[PDB]
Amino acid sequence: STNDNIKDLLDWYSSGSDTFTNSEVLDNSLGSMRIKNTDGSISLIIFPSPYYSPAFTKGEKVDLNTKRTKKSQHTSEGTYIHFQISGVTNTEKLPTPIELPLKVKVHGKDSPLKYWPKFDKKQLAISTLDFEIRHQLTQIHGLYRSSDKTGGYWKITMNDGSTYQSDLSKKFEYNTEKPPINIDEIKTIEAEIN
């Protein structure tokens, strides 16, 4: 038996993410952006943090690696709208896709990775890194599925000593999210479950 909060975390992190490339900015406002994707759909994305406030202008191209907050809608004027949160970066790519240095320990013992993808983008928002990491944990390591795997943390260490960390017993803190980072500058990523 797990507590209801753990039940919310399982539903959020076990579902997938939304990925769109080379979308165009239609509008940028305080806390939100209207974006037009290549397949013709529109994305309304919210940005709750004062530290991560996208400054792209109308007409610029961006990539989306985000999560939806509710079901998409078909509008009277024939449009299809997605409701999402965070995850907008520039379109810079890496010379070659890299695999990120993730090590996982479940209750002290090392747990091997399975189907951990490579990344070809130069920048990724910290919330995207958060769900990729936690998705690997729920799907391959049993996080949130049983009463014994309901806590821990992940920690990212950069080549310069800067670190980012997140508490597994709580949903990601979007309201305090810092700006996207260059993934090629990540030294290590550690995750522990308790």
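Numbers for residues come from their place in the sequence shown, where the first is 1.
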I need to verify one thing: averaged over C-alpha atoms only, is the B-factor higher for 27-35 or for 156-164? 156-164
Tell me which of 142-150 and 42-50 has the higher mean C-alpha B-factor in the deposited entry. 142-150
What third of the chain does residue 177 rank in for C-alpha temperature factor, lowest, middle or highest? lowest
Residue 124 - which third its CA temperature factor falls in, relative to the rest of the chain: middle
B-factor third for the C-alpha atom of residue 115 within its chain: highest
Looking at the C-alpha B-factor of residue 72, is it in the lowest, middle or highest third of its chain? middle
Would the CA B-factor of residue 86 place it in the lowest, middle or highest third of its chain? lowest
